[PDB]
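Only one chain is given next, in structure tokens, and it is the form solved without this ligand.
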């Protein structure tokens, strides 16, 4: 089912990343100037996107790792979309703790289409096996990396974080990408 992940990666770019990435740095700048706690470090630029290859996507990031704690929302982005007046795109800011201290602050989320791969593997009517799932997750990631490599909307404002579990620290994994910038 090569075309499953292919379609989902295109949909994630077309219906989301291409719409929010151009306005993201402006939203982060607005937050850093007008809303961020005066005493804290600036929110990093770039949207950090988590890509668990096992497609396990909890809705609360603190459930994946206690060292990842919700801080605040960015200013919302709204726009008329497919007949929906003022559809809302929102993103959450997280602090990343290391040794109990805040080590980084960034806009962070899971890639939601991985939830579709997971659920399709669980619904009999989808005809999608658990083995198909890992292969489709990798293909989703590869397709997305290839799109963003060529996309004009991606201008050092997006970082993909793919990982697998076999102890693994998600916060440390995000900190490693953060510290690379």
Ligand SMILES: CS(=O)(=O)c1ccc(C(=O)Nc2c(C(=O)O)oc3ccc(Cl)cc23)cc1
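Numbering follows the first chain given and starts at 1.
From this point on, the text means the form solved in complex with this ligand, which you will not see here.
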Using the spot this ligand takes in the deposited complex, and overlaying the site C-alphas onto this chain, is the pocket open or blocked (blocked: 3 or more ligand atoms within 2.4 Å of backbone or C-beta atoms)?
blocked
Is it the case that residue 142, even though its partner is missing from this view, gets within 4.5 Å of this ligand in the deposited complex, heavy atoms only?
no
Contact between residue 40 and this ligand in the deposited complex at 4.5 Å, heavy atoms?
no
Looking at the partner-bound form in the deposited complex, is residue 27 within 4.5 Å of this ligand by any heavy atom?
yes
So, in the deposited complex, is residue 34 in contact with this ligand at a 4.5 angstroms heavy atom limit?
yes
